[PDB]
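A note on names: the letters A, B, ... follow the listed sequences, proteins ahead of strands, and every chain is numbered from 1. All values below were derived from every heavy atom in this structure, side-chain atoms included, with hydrogens, water molecules and symmetry-related copies excluded.
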Amino acid sequence: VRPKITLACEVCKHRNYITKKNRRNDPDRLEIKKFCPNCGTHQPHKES
Amino acid sequence: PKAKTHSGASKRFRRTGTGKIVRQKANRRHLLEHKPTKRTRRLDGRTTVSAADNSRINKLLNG
Amino acid sequence: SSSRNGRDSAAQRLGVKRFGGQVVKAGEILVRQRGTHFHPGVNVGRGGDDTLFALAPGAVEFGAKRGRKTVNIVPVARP
Amino acid sequence: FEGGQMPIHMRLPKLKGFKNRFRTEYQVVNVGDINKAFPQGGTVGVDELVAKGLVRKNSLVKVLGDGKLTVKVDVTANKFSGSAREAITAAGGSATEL
RNA sequence: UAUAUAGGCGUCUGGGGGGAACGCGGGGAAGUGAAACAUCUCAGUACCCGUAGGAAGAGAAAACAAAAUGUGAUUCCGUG
RNA sequence: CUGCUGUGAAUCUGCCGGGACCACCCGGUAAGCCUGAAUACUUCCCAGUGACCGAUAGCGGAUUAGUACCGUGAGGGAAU
RNA sequence: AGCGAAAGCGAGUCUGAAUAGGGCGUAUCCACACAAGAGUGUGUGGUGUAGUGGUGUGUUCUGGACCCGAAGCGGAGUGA
RNA sequence: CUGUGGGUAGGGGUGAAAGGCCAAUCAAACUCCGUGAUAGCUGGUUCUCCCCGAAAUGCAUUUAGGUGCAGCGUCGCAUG
RNA sequence: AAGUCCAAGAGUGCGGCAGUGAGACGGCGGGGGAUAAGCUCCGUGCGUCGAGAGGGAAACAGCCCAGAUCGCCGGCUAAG
RNA sequence: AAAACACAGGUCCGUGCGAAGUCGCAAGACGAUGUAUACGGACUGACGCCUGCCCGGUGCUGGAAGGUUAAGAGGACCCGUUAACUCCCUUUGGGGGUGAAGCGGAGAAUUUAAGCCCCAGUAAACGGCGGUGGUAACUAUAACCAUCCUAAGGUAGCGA
RNA sequence: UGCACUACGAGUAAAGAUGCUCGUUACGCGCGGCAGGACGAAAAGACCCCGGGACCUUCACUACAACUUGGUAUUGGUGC
RNA sequence: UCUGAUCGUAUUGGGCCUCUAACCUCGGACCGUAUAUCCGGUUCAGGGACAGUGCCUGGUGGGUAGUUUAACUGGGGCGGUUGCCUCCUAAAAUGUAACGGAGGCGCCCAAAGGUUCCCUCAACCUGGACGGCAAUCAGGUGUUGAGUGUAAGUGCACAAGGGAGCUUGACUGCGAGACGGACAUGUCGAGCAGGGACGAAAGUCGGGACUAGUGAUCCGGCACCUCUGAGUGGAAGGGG
């Protein structure tokens, strides 16, 4: 009902974060701006 | 008969230049989602083994 | 019979860790609490779990500001 | 044995890394020791260092610049640290890596 | 059952069994330890089988090492 | 490296070994052998040794000793 | 001679784009300065760092492991 | 019913079945060996005196009559 | 800030060696019990026994006095 | 020493005969110098009256079409190294993309057994063998009213 | 069979005393008897619990002995 | 010959009927052999390419074997419990037991996080339409009495409670001096690149008012890495 989701950077496709959403409340792949360390700037991060 | 070294201790502990026995902290292998990065950093790296366990760790490492 | 009780959490060892007059480094935990029984005072900060710690060094001083017990750090002049 | 609870040699993680079977390790001698052993300077090879008792007899010698160099030395070691080479040159000597 | 054979007759030559240890080749436990236990250990131990000899097995690299005009059968010690 | 089961190659532009495969590169020419010394042991014999025992010790056995005795037996097994 | 997981570098090293701080090391101690009073640092200059072989002793490791004691387990045999 | 001579043997025999009998022992005989099995258990552990001197708590524990570490003793150093 | 300070034979740190980890009763504070138990579980820079002789409670580990270095056929006392 | 075992009698099951079963690694043996009116096994236990219902669970005995289903030479694809292709720097050589022959991996489609799933039997196989409650069920009672659930509801007989 | 010139009552005590307290009783030593005590002897309680065994059971686990598949030795003219 | 019904050969396959030669027969007769229900040679008669066991393979498998079948526990069993959080026990620091008294927890968050800025909630009428105890938004009155996502507390009205704007501070990467700390887990993060807004300047944030919402190590997965790569090149594998 709330899986461990892995957010990856859209630019480098580095799996950077592991959060938990609710698959029901927010079924769509989560999109939030966080910075990959290797990129440096906050870039859009999406579920794997 | 040579004194055999404990393999597990040999693999989990190390000595520094001065001789301090160092170890990595537990709770950093898996189930890392909920752990705040502050806890993960606190657990990161090596620390000297506590004085209480220093004796038995040294005995296991020497023989 | 059988009692439905028998449980209790591990005591968290709360309370004041530095009392008024104790000199502390910049960062020492002055109090541990669940709410804000003590509110942070001058050069005292409040942490995530409501821990009062010293933002600056010096002696702890318990006071009251507007009917709220407060923990302050008064600087200690180097002699 | 620790009473049956997970021992300290099992509840702690194994230290990270590998030992690198092929690691090339150097017996090191510092330029301060070069000074102390050779106040006269001169050619200082692995044989000279071993004779003066600064490195093991059959080993890859490396030179490090920890002390201070004040004499002309023609050192010859498998490798030289940057500081060791710099001090060897500054003292009017030469650092032939061989 | 026919060239032809299993076998039968006669003669020489050997074998048989014992032996404490060591050898080689096979089979191969369990108590035990793992503070339980099965992997594992015990242990290739005990025991068992087959076999030698004064010794035996291995032995003269289609080897090992790594760029050294490297060593050059095996075995056995010390180290590693 | 090896056992049992199948499948099963070429003979030097061959084949192995380098802990899978290469312009590779090195080691070289297996699938048949015999080979002393260095090594292990002491039933037995000889000459010695002991900061070994000294008759409840030392071999079980200084005398009858694997005897007497016990057990159907394997076996156990003294005392002096 | 350490740091690190090694290309490794080396009185430094690891972490880190980030001379950002920390970890671990540079025996120890003394003086000089520069700094900051966040608990002291930074360099500079001094004396120069102490292991390692026997061996005693106490613990300890592998062995029977201070000594005695099971019921039971295994191997090979003996018994109707 | 019984004599004599036989046969069946240990995870096996035999059992008009009692788990009975299998050499005064049988819910797996006996002897030797593994073997000085192992036992968190019980017992025992031998001369003296001088100094100090506990603990029976905490945590954890396939743990609760065991053990690890801490607490408390002692002996060395260091601070004083 | 003093006191104790030719000592408490103190505190702290690091090492060698531990033993202990079954506690008992008494006073006080409490839980369980019936605000029974010589009950049970806690707290107590509380005590004593444990590990403590001596005097008193008659006898009587835990109560009161009092902590035995030895010898006196000396004296003063504690509880009583 | 019995109420237990056995027993003669019964029933079921197995067995086409170096049988089944058993001792054996095996050979061989017993069974049996026997032959289905014989053997082995299970239960019951003379004899007499009888052994009523149930094959749902589990065994056994047959198999209904499927599905699942190891061991293989079914070996797509993919992956390693590279003869070689292309291009960048850079030019007395290393940076990407494509990459045959091969040899070396991991290997999917497809592929057929038993068993399982599944259908029918089997209770002298292990085992099962209720309610209603509306009746006069007779108010000693066996059926009857017509009722839910399974596979069925304990039939005769006996019973402190 | 630790002792011994081994009383009784009420007590106290590890809560059932020949051995301790305060009393009571009792000349020493035997002999024949009886069995109330010495928590009498016997057998390191067969109960209970804990630890460990063994054997037994089973839709406990893991194995192993006892049935199907592939090709191997089985084998082909012309077959479908 | 390209989509393509049929091609005839040779190679190799699932299956059915078989020809006998493998192999089998405790079916017969012979001979070794005077003795012989042994066995093994010949032969005949049957099976037959099955069966048999060999290797590998699936199933059934207490038939046998080795084992495991927890502790606490006012004896043991039955029952109950075992980890975490909150309270009282708990003797005004910390801590403190019982099979003591009570409850919660193995979650919810993409907003219920961050940040800026605003607001206060209960309880009664002058009074109201269907409108009642309770709706309204009736503020008209009334002093912080409700509400905190969720147990309990400690807090919160200054708000931590109620609203909106933007946004993704789980600064993720690097990390202060410090501290909470039998051995195995927590509080601030002052600084750094890169952010978030609101804005306007100043400004604050390392998920939540706080303490539960979790599981060491070992083993392996999966991504990225300027790490190693058993002669060298890669590769496998390993490492971070």
Watson-Crick or G-U wobble pair, [N] with [M], both distances under 3.5 Å:
| N | M | value |
| --- | --- | --- |
| J:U58 | J:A125 | yes |
| E:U75 | E:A34 | no |
| G:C24 | G:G12 | yes |
| L:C179 | L:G186 | yes |
| L:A138 | L:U73 | no |
| E:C24 | E:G50 | yes |

>> Assess the residue pair B:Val49 and B:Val22 against the criterion (side chain to side chain contact (heavy atoms under 4.5 Å, CB included)); give the C-alpha distance rounded to whole Å, side-chain angles, the decisive distance to 0.1 Å, and a yes or no.
In response: CA-CA 6 Å; B:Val49 302; B:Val22 293; over 6 Å; no
[N] versus [M] - spacing of their [atom1] atoms, nearest Å:
| N | M | atom1 | answer |
| --- | --- | --- | --- |
| E:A36 | E:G50 | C1' | 42 Å |
| L:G13 | L:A51 | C1' | 25 Å |
| L:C84 | L:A216 | P | 15 Å |

> Who pairs with A:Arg29 by side chain to side chain donor-acceptor pair (under 3.5 Å), at least two apart in sequence or on another chain?
Replying inline: none
Looking only at side-chain atoms of [X], point me to the closest of [options].
| X | options | value |
| --- | --- | --- |
| C:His37 | L:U217, L:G238, L:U154 | L:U154 |
| B:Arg39 | L:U185, E:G80, L:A216 | L:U185 |
| B:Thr16 | G:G39, G:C24, L:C218 | G:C24 |
| C:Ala26 | G:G39, G:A6, H:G68 | G:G39 |
| B:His34 | L:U172, L:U214, G:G10 | L:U214 |

>> Using a 5.0 Å cut-off on side-chain heavy atoms, which groove does C:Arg34 contact, major or minor?
In response: minor
> Taking atom types as they are modelled, is there a donor-acceptor pair under 3.5 Å from the base of G:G8 to the side chain of D:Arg23?
Replying inline: yes
> With distance as the sole criterion, do the side chain of C:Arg13 and the base of L:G181 form a donor-acceptor contact below 3.5 Å?
Replying inline: no
Which sugar class, north or south, is indicated for [N] by the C1'-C2'-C3'-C4' dihedral?
| N | value |
| --- | --- |
| L:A209 | north |
| L:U144 | south |
| J:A124 | south |

Let me know the distance between [atom1] of [X] and [atom2] of [N], rounded to the nearest Å.
| X | N | atom1 | atom2 | answer |
| --- | --- | --- | --- | --- |
| B:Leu60 | H:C69 | CG | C1' | 14 Å |
| B:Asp44 | L:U185 | CG | P | 14 Å |
| A:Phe35 | L:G114 | CZ | P | 20 Å |
| C:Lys25 | L:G180 | NZ | P | 11 Å |
| C:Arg46 | L:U211 | CZ | P | 10 Å |
| C:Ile29 | L:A178 | CD1 | P | 14 Å |
| B:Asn58 | I:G15 | CG | P | 9 Å |
| D:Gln5 | H:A70 | CD | P | 13 Å |

> Would A:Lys34 count as a cation-pi partner of A:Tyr17, with NZ or CZ less than 6.0 Å from the six-membered ring centre and within 45° of the ring normal?
Replying inline: yes
> How should the glycosidic conformation of L:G62 be described, syn or anti, under the criterion that syn lies within 90° of 0?
Replying inline: syn
> Checking side-chain hydrogen bond (donor to acceptor under 3.5 Å, both in side chains) for the pair C:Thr51/C:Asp49: CA distance, chi angles, key distance, verdict?
Replying inline: CA-CA 6 Å; C:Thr51 300; C:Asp49 64 0; 2.4 Å; yes
> Applying a 3.5 Å limit to both distances, which nucleotide forms a Watson-Crick or G-U wobble pair with J:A32?
Replying inline: none
> Across all strands, who's sitting opposite H:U38 as a Watson-Crick or G-U wobble pair, both distances under 3.5 Å?
Replying inline: none
>> Please evaluate residues A:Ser48 and A:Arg15 with respect to the criterion side-chain hydrogen bond (donor to acceptor under 3.5 Å, both in side chains), reporting the C-alpha separation (whole Å), side-chain torsions for both, the decisive distance (0.1 Å), and the verdict.
In response: CA-CA 8 Å; A:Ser48 290; A:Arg15 301 199 179 97; 3.2 Å; yes
> Which heavy atom of B:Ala26 sits nearest a heavy atom of D:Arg11, and at what distance?
Replying inline: CB-O, 3.8 Å
